[PDB]
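Visitor: This one's experimental. Sequence and coordinates below.
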Amino acid sequence: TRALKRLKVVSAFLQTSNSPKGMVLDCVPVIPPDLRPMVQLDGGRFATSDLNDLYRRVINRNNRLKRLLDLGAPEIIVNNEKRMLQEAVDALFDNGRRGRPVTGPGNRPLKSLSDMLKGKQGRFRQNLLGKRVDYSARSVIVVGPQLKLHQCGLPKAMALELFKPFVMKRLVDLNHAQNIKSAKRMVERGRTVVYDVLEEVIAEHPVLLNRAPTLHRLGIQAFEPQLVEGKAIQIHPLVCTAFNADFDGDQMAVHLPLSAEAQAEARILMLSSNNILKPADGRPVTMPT
Amino acid sequence: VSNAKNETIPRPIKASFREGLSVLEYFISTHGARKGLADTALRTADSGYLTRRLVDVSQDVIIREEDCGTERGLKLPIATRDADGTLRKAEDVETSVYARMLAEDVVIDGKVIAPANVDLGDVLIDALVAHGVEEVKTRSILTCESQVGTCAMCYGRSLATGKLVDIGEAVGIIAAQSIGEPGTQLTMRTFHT
Amino acid sequence: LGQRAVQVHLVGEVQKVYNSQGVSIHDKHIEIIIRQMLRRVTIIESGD
Amino acid sequence: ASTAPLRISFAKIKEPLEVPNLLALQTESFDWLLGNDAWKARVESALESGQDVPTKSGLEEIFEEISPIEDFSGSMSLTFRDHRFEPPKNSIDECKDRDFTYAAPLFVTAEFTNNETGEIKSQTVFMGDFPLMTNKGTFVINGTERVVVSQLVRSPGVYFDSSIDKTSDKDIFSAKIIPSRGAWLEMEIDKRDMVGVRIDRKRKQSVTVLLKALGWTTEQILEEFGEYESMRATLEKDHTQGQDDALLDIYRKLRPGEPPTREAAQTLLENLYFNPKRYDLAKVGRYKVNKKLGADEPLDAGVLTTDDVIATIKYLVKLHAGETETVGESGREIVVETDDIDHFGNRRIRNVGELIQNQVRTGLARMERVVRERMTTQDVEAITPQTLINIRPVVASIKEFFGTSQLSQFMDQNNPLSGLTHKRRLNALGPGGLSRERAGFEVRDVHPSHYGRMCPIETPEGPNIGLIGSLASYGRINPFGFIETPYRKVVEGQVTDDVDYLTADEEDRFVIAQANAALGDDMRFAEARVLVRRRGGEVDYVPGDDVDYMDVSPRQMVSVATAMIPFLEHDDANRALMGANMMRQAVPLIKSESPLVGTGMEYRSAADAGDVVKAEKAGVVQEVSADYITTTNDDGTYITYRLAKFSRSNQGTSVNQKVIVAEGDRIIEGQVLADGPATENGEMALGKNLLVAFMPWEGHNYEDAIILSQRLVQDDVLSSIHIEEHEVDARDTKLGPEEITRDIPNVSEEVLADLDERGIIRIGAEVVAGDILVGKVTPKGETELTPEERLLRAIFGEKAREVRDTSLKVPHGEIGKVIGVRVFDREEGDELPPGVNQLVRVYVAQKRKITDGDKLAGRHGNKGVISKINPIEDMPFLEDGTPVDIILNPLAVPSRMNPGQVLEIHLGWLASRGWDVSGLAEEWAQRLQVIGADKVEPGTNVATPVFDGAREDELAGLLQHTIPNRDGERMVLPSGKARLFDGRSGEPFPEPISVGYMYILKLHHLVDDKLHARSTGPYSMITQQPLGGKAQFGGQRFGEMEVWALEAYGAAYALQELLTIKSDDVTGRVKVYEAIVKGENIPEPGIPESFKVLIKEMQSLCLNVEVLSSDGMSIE
Amino acid sequence: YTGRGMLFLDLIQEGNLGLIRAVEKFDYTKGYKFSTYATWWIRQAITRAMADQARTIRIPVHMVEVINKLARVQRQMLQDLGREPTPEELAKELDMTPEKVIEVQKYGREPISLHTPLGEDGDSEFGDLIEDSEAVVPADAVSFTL
Amino acid sequence: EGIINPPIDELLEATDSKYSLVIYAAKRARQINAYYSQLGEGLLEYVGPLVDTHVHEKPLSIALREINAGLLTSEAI
Amino acid sequence: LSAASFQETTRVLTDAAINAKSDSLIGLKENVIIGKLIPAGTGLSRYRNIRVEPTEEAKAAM
Amino acid sequence: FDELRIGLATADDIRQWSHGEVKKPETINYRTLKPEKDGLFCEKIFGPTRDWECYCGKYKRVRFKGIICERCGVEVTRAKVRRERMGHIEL
Ligand SMILES: [Mg+2]
Ligand SMILES: [Zn+2]
Ligand SMILES: [Zn+2]
C-alpha cells in the first residue's frame, strides 16, 4: 500500500512533460496592485489589504539576506535569515499551516493568498457562484386576496427605482422631458408626470419574486406586476406555501428580467400559473388550507 | 414531557393550558420547548448542507435523448398482501410505480392489457389490478444505457407537468431539491432513550 | 447480493424515513442519486 | 400611599418580600469598584447586622495585589497606598451633546522608600480620567450611552468528570484543575488501568513521577495510598525512583532541548505552580478548592499548595474506588461526587465591577514592567514618583476596554423596558468565555439550578438561543460572583416572616417548598402533603414537617419582561418567549395609554428604570411648565427638574417627557413628577387597547395578517415620532478647504430656496428625498476637459469654478421637518478632530402613521403585518353601532397554543364595561369578596399577577354580570361572544363572534425602513459586483441556492444575464444601459470580472492556469 | 523594542548587522571592554531599521525622530499638568510652530487592514463596504454620447 | 389584458416542446424590435409585425400573438 | 473547476497541478463560473440554434 | 474558451508573466501619496495610476498613447491595466 500511494504521485510526473522542480520556487510572483488596494479612506485614514504586509515581509527578509551574503557572515546568522525567509513565504501562500500564524496587529490572523480561495466566504462560493445584482429590490409582503394567480402588487416607489432606464426612455419619446439628463432629474424629484408614464411601461413585463431560503425550484416565481400604493409587496394567498411565506414579517426580493430571451423565460417557464403541481410527487401545491 | 437529554419525568403535567399550569409544571415544560427551538435551527443547517452536497453529485444528469435503445427495466410489485380470494393493491403504489413507462408488455390471459412504452396512470393501474397481475416491469433510470446523461423514456414522465419529460431538462437538480426540501420537516428522534 | 439488490435496499431504506413523517417523494428522485453512486468501479489485479 | 395610581389586584396570597431595587445589579457592583461611601456604609451595616461583605474595595485591592516593586538589589519600593476621586468635569447632559466621555480624575499616593539612602519621599500622582457610571447605570462615553453586561464564566477550581470508555466497557474518571491565570493540570485515572497526569497536556506521564518530583518519598507515599491499588500498581510499574531523578525527567518532558540543571529544574516547578505570580488563583478559585476538598480554613489568598494537589489525587482514587463519602484529609468529612459545570454553583458572573478590574489590572501590569526597566538605567536621587511611572498603558487599556469589546455594548433605547432588560442581561459570550462555535447543546439547555436565578422563558430566538439570558426578578449577587435568591425560613412546620438568601449550592442541600402551597390561618401548613423540590431537580412530594425553606413569591422564576405578560400560565413556553421578546421592541406613541388589563409589575418596572422623573424630596410644586418644573421643600430649598423634550434616542425615537402634576399638589419622596416615553401615570404603557373581534374576514387576515379600522390612522391612535440625525464635516485637504456655503455651482434657483444665509437649511423647512440640507463644495479637482466640454464653457459663458458639489443631501426614501441644527467651528473655542474646520449636524423629525406592512403585535406572541386598513363604515359593527377597531384570525389561535390572548380579551371587555356583584353570595365571588373586586366602574384597570392570576371560574362568572352600557342591554353574551352586523353587505353575521379589548403594541419593524430598490449604484473595488446593504444603495444577493432554482427551471438565458449583464462585467453594464434608453436590443454578455480575478489569484500561487482554445491559445 | 510593528526575530537579525559593523571598528588600543562599544552599534542598527521598516507608508528617518520626540514630551506634559495639553502649548516646548505640530500629527497614523471583521457579524468584512470611484457610471457615459 | 392572454396550451402544441417555444418567441421578438429601430434605412431583410399592434406594446407580446395564429414558422438547423 | 468549487479547495488544486488536468468546460457548475450558457434547457445546442422566418403567405398579405 | 488547463508554474514561466521586478518594500510616499520607484505599487512595472498620465508629468495628454516615456519609463495606457499586469520577486 505504501508503494501504491507513492506510485500515484510519481507516475503523474513521468507521463506529464512538466518536471518535478516546480516544488522549489525561485521567484515569487506578486498580485497586481488593484487586487490589493491601498485605498484612501474618508477622514484622512487609510485602508490596506493584508497581502501588502505579507509581501512586505518577504521583500524585507530577502533584501537582508543579500546584505548578509555579501559581507562575510557566519553560518549561524545566515541560516537564521534563510529560515526566516522560508517562513515568510509560507505565511504568504497559506497562513497557519505551520505553527502560529503571523497575527500582525495581534487582534486577528492576517489574510493569505489561499484564504481568499477557501471556505464559504472564499472567491468560489461568494463571488463566482452567487453574486449581488443590479435591477433588484426588497420589501415586506402582505396578503392580497383580490389578485389573480398571475399577479402581484408592486409598490410605486419600488417599481420606479427598478424601471428607471425604461421610464427615462419613454419620457423623452413622449416629449415630457427634453433630454436624458432632464429626464433623470424629473424621476429623481418624483414629479407628477412620471407616474402616468410609469404605468404605461411596466405592463406585460414580468418580475421574479423570491424568498430567502429558496429550498426548491418553486422558490422563484415570475408574476405580472401591478402598481399599488403603500410600501409592501402584495402577494397572492394561494402561492404562499410554495414560497413557505407567512405574513408575520417576511421580506421578499424582487428581480427584473431585462433582455428579450430572459423575459420570455419568465412568461413561459417561470410563471406562477404554469406551476400548479409540486415536482416532487405531482401533488397540488397552490390550494393551501 | 421530555426532560433534558431525552428523559421523561415521572410526574407529568396534570393540567391543561385552558386550566392553567402550575409553577413547577411550567418550569419542566420549558426543558422541551427551548430544546425544540435550538434543534430546529440545527436541522435547517444540516438539511442545507445535505442539499448542497447532493446537487454536486447529482448534476451532469440531463435528459439528452428521446428514447434509449435498451430493454432492461425494474420489476415492481403493483399489488401485495392479498388476502385469500381477493387482490389488495400495494400501499405505496403512487410514489413507486405511477408515472413510469413499461419496459415490456404484460400478458395474463394471453392478451396485452397495457402495451409497452405507455406511461402508467390511474386508468392503466386500475386495468392491471382488475385483471389480477401481481407485478410489472417498468423501465427506469437505473438501467438506462445512454452515453451522455439519461434518456427521456427511462426517466418516464415528469410530475410538475404531467407529460413526458422534455429534452434538456435538468432532472439532477430537481431530484436533489426534492430530497432536501422536507429535511427541515422531518425532525424525528426517539421519544426516550 | 448484487448491484440490483443494493439499489432496492437504498431506495427502500431512505423512503421509510420520509414515509414515517408523511412527505411523499416519488422513487425516480431517489433513483437518480443512487445511479450516481454506483457509476465507478474498483479495479483489482490490474495486470493487463 | 399615593405613589401609584389605584389598580385592583386579583392576587390571593400576600407577598412578604417586596421587589428589590431593580437596577441594583449594575450599581452595586460598580460601587464596590470605587469603594465609595455608599458601599462602605452597607459594609458597616452588614457587619453590625452580621452579614458578610468584603471590607476591602475593588480599586485599592489591585494596588494591594501589586506588591511594592523590588529590583534585583531589592533596594527600592513603590507603595500605592490610597486612591481618591474628584467631581466630574462635565455635566451628564453636556457630555451627550458635545461628545465628551463622562469621567472623573483618579489620584493615587505613590511612596518611594530607599533603604540605602534611608529617605522617604511621598508624592501624589495622577493616573488618568476614569469613566464613571451615572445614577441609572450607563457609561456615557464619547456622547453615546454604553452599558456593560454581566458575563457567565466557569469558576476556577477542581472539577471531576466520570465517563465511560466503549472499548474498556468500564467507567473512567478524570480530574482537572483550571486556574485563573496559570497553566492547567489534569489527572486521568485508569485510561488503561493506570493513573496519569497531564502537565499542560505536554505529554502523558504518571502520578508517581509527579509526587516524586515533590519532596514526598516512596516510603511516606505508600502509607497514605496503600489502600488503593491503582497507585500501588502505578508505583511498582513506575521504574524511575528518587527525588533528584524524577525532577530532571519531567524537565526534559516539559521543556525539551536543554540539558538538565539541578537548580533550574527545581525553580521551574516552583515557577509553574507554586510561584505567586505565574499561578495567581483567584479569590473565588481558592475559596472553591477549599469547599471541594474540604480543608477547613487554609490560607485565604494565594496559590495552590502541595497539600491541595495530593488531596486532589486522594479525591480521584476515592471517587474511582466506589466509596461516595469519605473523611477529608486534615479536614472535615465531605461527599465525593462528580460536579457538573453547567450547574449554577459552578457558573460565576463577572459583573461590571469585576470586568473593568481585570482590564485595569492588565493596564497596571504593563505599568509595573516599565518601572523595572527604567530603574536599571537610572541613578539614585534623581528619582521622584512623578516622573518614573508612565500612566499611558493604564488609560489606553481602560479606553480600549469600552471600544472593540463584546461586553461594552451600545444601549438600546427603543422604550424603557429595552433599557431595563439590557442592564440585567447575562451574556455567556465574550472574551475569555463561551463562544458561538464552541457552543454545545448542554450550555443552551435549561437547568434545575437556574430556578430563581435566570428566567428560562425569555432569551433571543436567534442563533444565540439560550446563550443570553435575563436575570431573575429577585436574584442577588454573591460577592464571589454566584447568584443568590431569597427563601422564607421554616421551622417546626411554621413558616416564619424571615428571609434567607441561598446560593446555588446551599439550596441543593435542603428541601424547598412552593409558594403556591396552601397555608393555614395560623402559620402552620394547612395540608400535610406539600410539593417540594430536592437535589438533582426532583419534583417528588414529601409530606409533613420536613421542609425548611419555601419560595417567597410564585413569580420568582420569571424576569422583568416575562412578568409583564398577563395569563402567562395559559400560554405555551415557546410563544411566551416571543411575547416577552417583542415587548422590547414596542415604539413609544404620541399619547401613551395604560393597559386596561395587565399584571401589577408594570408600574414598578417603570419607576426603577430611569425614564420617568421622580422626586427626591417631599415638597410642594411651585411652577409647572412644559420645559421645567419647580418644587419647594419644607426647609425652603428649590430644585428645578429640566425635562427632556424631543431628543433622539440611540434607535431614533423620541424620549419626550410630559408633566403630570398640577400647580399646587403636595409631593412625597419617590412620587412621579414627569411622565416618560411609553409611560402613563408612572405605569408602563407600551401600546394601546383596541376592540378586537375573532373571525376570518374575506381573506384579508389570512395567515397572521391584521385588519385595522381607518379610525386608528385618523384619530392618531398608533403613530410615532422618529428623529434622524445626519452630519457632515468640512475637512482640510491637500488642494484646499471645503466651504460650507450657499453659492453651490450649477444649481437652479428654486432648489436652494430654503437654505439660510451661510448655507444651512432653515429650522422648520420641510424636506423631501434629494433636497440639500447643508451646502458644501469640494475645494478642487484636476479636470482634463474633453473638446466638447471646452466648447461648452465658451458657449454658455460659464466658469468651471474649480469646484464640485459634495453637499449633504437627504437620504433616499426619507421625509421630515427639520427641528434643530448644531454647528462646531475650529476657529471657535469648540474642540474638533484634526483636519475638520467645521462640523454641522441636522435633526430631521417625522411623524409616521400606521400603514400596511407595519408590524403589529400583542403580548402573548401573536404578531402580524397590517394587510388592509378598511374605512370605518366597512368595519363589522356591534348592535350599538360601535365598529371593531381590529380583526384577528381564529385559525392561528388553536395551533399556536396561546389561549392566553382569548382569556385577556374576555377580561378586557369586563374592564371596559364594569360589573356588579352585590349580595349575590356566589362561590366564585367569595374569594373575590375579601379582595374587593366586586363593584367595578367602567374603564378602571385590573391586575392579574403572572402566576396568581384570576382563575377561569371568575372570568366565566364575571362575564355573566357585566353592566349594561346604555339603554339597558349587554352587548356581549355570557359565553363572551357578541352579535356582529356586517358593515359591507349589511346583513347580520349568522352566529356570534368573540369580542373584547386587547392590548396591542406597535413594533419597530416598520415598512418605511425595510423598502429598498436599486437600478444601478455603487460597485465594489476588488471585485466589480455591487456592494450590499441598504445604506449604500445595494443590490439583492442572488446566492448559490437561487441559481439551483433557475437551473431546475431550465431558464439559461435569465441565469446568464443575472451573473454577467446585471453585475460583474464592466464592459457589459454600460452597454446594456445605453441599449435600454436607446431602445436597441440588449447585447451579448462577456466574461465576468470575478473569473478574471480568480485567474490572477491562482497565478499568484505559482499555478499557470491557461485558458485555451481548441487551436492553441484562447480569445478573451 | 518588541511589539512595535516589527517581529521579535526580525529585530535580532537587524541588530545582528550592527554587531558585525562594531567588530570592524573595535580595537584594544582603547582601554575599554568590547561590550560597552558594541551596545552603541546594536542600538543604532535596531532603531534605524525600526524607523525604516515598521510602517506601511514609509516615513523618513528624520521625521520619525521628530514624532517620537514630541510624543515623549507630550507624555511628560500630561503627567505634569494633569490635563491633555493643547497643541499650541505643545508647540512651544518643541520650539516649532503649531502648524508643524498639526502636520506631524497627521503623518503619525497607521492604516487599518481592509480584511477585517466589522464585529456585528463574523462573515462581513470591511473591504466590502467601500465603493470605488474609477468605475464608469452608466448614466453619465451615455449622456456624453448624447 | 394579461400575460396569459395567448393561452399556453395552444402555443405548446404548435412547438411540441416548452424550451423550444421560449427561444422561438424570443428570436422573433428580437427581429421585430430591430425592424422598429431602422429609423429610415429601410433594410429589406427585416419584417415588421404581421398582426395589428396597439398604440404601445411590447415586441415579445406581438411575437406570441403571431404564434397563436400560426402564420410564423420555425425550423431547427 | 467544479471539484474546486466543492468542499476541498486545496487538495483538488494541488493534485490538479501535479496531474496537469485540462478542464473541458462541459457541465453546469463550471459554466456558471465562466458566464457561458448552461447545457440545460434553453442552453442546449438544439434549442438555441433554431431560426425563425415567416411564411410565404404571411409575406404575401403584407 | 475550450479548456482550462492547469499545472505547475516553473521559474521561467513566472519571469515570463512579469513586467518587471519589485526591489523595495516601498508603497507610497507619505506626503505626496504617489507610488515609489521599483517597490510595491510602482507604475513602471504595474501601470499608470491615472489614465494616460505618466509618473513624472510628461505626456499627460491622450494623443501619444502606446509609448514609453523616457524619463520614468512608465508606459502610457489606461489605468485599468493595473488590474492585469503583475510583477515578480527574485529570491
Ligand atoms: Mg414568517
Ligand atoms: Zn434510456
Ligand atoms: Zn514620465
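Guide: Nice, thanks for sending it over. Numbers count the residues shown, from 1 in each chain, chains lettered A, B, ... in the order given. Ligands and ions are numbered 1, 2, ... in the order given.
Visitor: ok, now which ones touch the closest residue to residue D:977 other than its chain neighbours?
Guide: Computed as C-beta to C-beta, 6 or more residues apart in numbering or on different chains, the closest residue to residue D:977 that is not its neighbour in sequence is residue D:992, at 3.7 Å. Heads up, the C-betas are built off the backbone N, CA and C, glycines and all. By C-beta atoms under 8 Å, 6 or more residues apart in numbering or on different chains, residue D:992 lies in contact with D:973, D:975, D:977-980.
Visitor: Next: residue D:625.
Guide: So residue D:625 contacts residue D:659 (C-beta under 8 Å, 6+ apart).
Visitor: and if you look at residue F:35?
Guide: F:46-49.
Visitor: returning to what we had before: quick check: the two most widely separated of the contacts of residue D:992?
Guide: D:975 and D:980 (14.0 Å; C-beta to C-beta).
Visitor: neighbour count winner among the two?
Guide: residue D:980 (22 against 12; other C-beta atoms under 10 Å in any protein chain shown).
Visitor: tell me the secondary structure for the residue lying closest to residue D:391 once chain neighbours are set aside?
Guide: With C-beta to C-beta, 6+ apart as the criterion, residue D:391 has its nearest non-adjacent residue at 4.8 Å, and that residue is residue D:127. Counting by DSSP: H, G, I helix; E, B strand; the rest coil, the backbone at residue D:127 sits in strand.
Visitor: Would you mind measuring from residue D:127 to chain C?
Guide: 66 Å (C-beta to the nearest C-beta, to the nearest Å).
Visitor: and that residue, how far is that from chain B?
Guide: Residue D:127 is 46 Å from chain B, by C-beta to the nearest C-beta.
Visitor: now swap in residue D:255 and tell me
Guide: Taking C-beta to the nearest C-beta, one finds residue D:255 at 42 Å from chain B.
Visitor: just residue D:229 next, same as before
Guide: Taking C-beta to the nearest C-beta, one finds residue D:229 at 34 Å from chain B.
Visitor: The strand or helix carrying residue A:261 vs chain B: in contact?
Guide: Residue A:261 is part of helix A:260-268, with elements assigned from DSSP states H and E. No: Helix A:260-268 stays clear of chain B (C-beta under 8 Å from any C-beta of the partner chain), getting no nearer than 12.1 Å.
Visitor: Alpha carbons only: can I get stretch D:1045-1062 in PDB?
Guide: Coordinates of each C-alpha in stretch D:1045-1062 appear next as PDB, following Å, rounded to 0.1, in the frame of the first residue of the first chain:
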ATOM      1  CA  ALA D1045     -33.800  27.100  -8.900                       C
ATOM      2  CA  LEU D1046     -33.100  28.600 -12.300                       C
ATOM      3  CA  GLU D1047     -31.200  25.500 -13.500                       C
ATOM      4  CA  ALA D1048     -34.100  23.300 -12.400                       C
ATOM      5  CA  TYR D1049     -36.400  25.600 -14.500                       C
ATOM      6  CA  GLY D1050     -34.100  25.300 -17.400                       C
ATOM      7  CA  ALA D1051     -34.000  29.100 -17.800                       C
ATOM      8  CA  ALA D1052     -30.500  29.500 -19.100                       C
ATOM      9  CA  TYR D1053     -30.800  33.000 -20.600                       C
ATOM     10  CA  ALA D1054     -32.200  34.500 -17.400                       C
ATOM     11  CA  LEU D1055     -29.400  33.000 -15.300                       C
ATOM     12  CA  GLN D1056     -26.600  34.200 -17.700                       C
ATOM     13  CA  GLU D1057     -27.700  37.800 -17.600                       C
ATOM     14  CA  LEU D1058     -28.100  37.700 -13.800                       C
ATOM     15  CA  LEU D1059     -24.300  36.800 -13.500                       C
ATOM     16  CA  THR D1060     -22.800  38.900 -16.300                       C
ATOM     17  CA  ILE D1061     -25.000  41.800 -17.500                       C
ATOM     18  CA  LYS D1062     -26.600  42.700 -14.200                       C
END
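Visitor: I figured residue B:19 was touching residue D:903, is that so?
Guide: No: taking contacts as C-beta atoms under 8 Å, residue B:19 lies outside contact range of residue D:903: 11.4 Å.
Visitor: Please say which of those two ends up with more neighbours.
Guide: residue D:903 (26 against 12).
Visitor: Number of residues surrounding the closest residue to that one other than its chain neighbours?
Guide: In space, and not counting its chain neighbours, residue D:903 is closest to residue D:567: 4.7 Å by C-beta to C-beta, 6+ apart. Neighbours of residue D:567 under the rule other C-beta under 10 Å: 26.
Visitor: now swap in residue A:80 and tell me
Guide: 15.
Visitor: isn't there a strand covering it?
Guide: No: Residue A:80 is assigned helix when assessed by three-state DSSP, not a strand.
Visitor: Which helix or strand contains the residue nearest to it when sequence neighbours are not counted?
Guide: Leaving out its chain neighbours, the residue that sits closest to residue A:80 by C-beta to C-beta, 6+ apart is residue E:13, at 6.5 Å. Using DSSP H and E, residue E:13 falls within helix E:8-24.
Visitor: next SSE after that helix?
Guide: Following helix E:8-24 in sequence, per DSSP H and E, is helix E:34-53.
Visitor: Say whether chain D is contacted by the following helix or strand past that next one.
Guide: For helix E:34-53, the following helix or strand on the C-terminal side (DSSP H and E) is helix E:61-81. Yes: part of helix E:61-81 sits near chain D under the criterion C-beta under 8 Å from any C-beta, namely E:75-76, E:78-80.
Visitor: Give the full set of residues in contact with the residue nearest to residue D:805 when sequence neighbours are not counted.
Guide: In this structure, residue D:805 finds its nearest non-sequential neighbour in residue D:744, 5.7 Å apart by C-beta to C-beta, 6+ apart. By C-beta under 8 Å, 6+ apart, the contact list for residue D:744 reads D:752, D:759, D:772, D:775, D:777, D:805, D:807.
Visitor: For residue A:106, see how far away the closest residue to chain A within chain H is.
Guide: Across chain H, the shortest distance to chain A (C-beta to the nearest C-beta) belongs to residue H:8, at 3.4 Å. Here residue H:8 is placed at a distance of 36 Å from residue A:106 (C-beta to C-beta, to the nearest Å).
Visitor: Which of these two has more residues huddled nearby?
Guide: residue H:8 (20 against 6).
Visitor: who does that one bridge with?
Guide: residue D:1103 (DSSP bridges).
Visitor: residue contacts, it?
Guide: A:18, A:22, D:1102-1104, G:17-18, G:20.
Visitor: let's see 6 Å
Guide: A:18, A:22, G:17 (C-beta atoms under 6 Å, 6 or more residues apart in numbering or on different chains).
Visitor: Could you point out the helix or strand that follows the helix or strand containing the last one?
Guide: What it means is residue G:17. Using DSSP H and E, the element containing residue G:17 is helix G:11-19. Counting by DSSP H and E, the next helix or strand C-terminal to helix G:11-19 is strand G:23-24.
Visitor: Are that next one and chain H in contact anywhere?
Guide: Yes: using C-beta under 6 Å from any C-beta of the partner chain, strand G:23-24 reaches chain H at G:23-24.
Visitor: buried residues in whichever helix or strand comes after that strand?
Guide: Once strand G:23-24 ends, the next helix or strand along the chain (criterion: DSSP H and E) is helix G:29-33. Within helix G:29-33, the residues that count as buried by 16 or more other C-beta atoms under 10 Å in any protein chain shown are G:29-33.
Visitor: do stretch D:763-772 as well
Guide: So, applying 16+ other C-beta under 10 Å, buried residues of stretch D:763-772: D:765, D:767, D:771-772.
Visitor: For chain E, what's the nearest residue on chain B?
Guide: residue B:45 (14.6 Å).
Visitor: same question but for chain H, I mixed them up
Guide: residue H:30 (4.9 Å).
Visitor: which residues touch that residue?
Guide: Contact partners of residue H:30, counting by C-beta under 6 Å, 6+ apart, are E:57, E:59, E:107.
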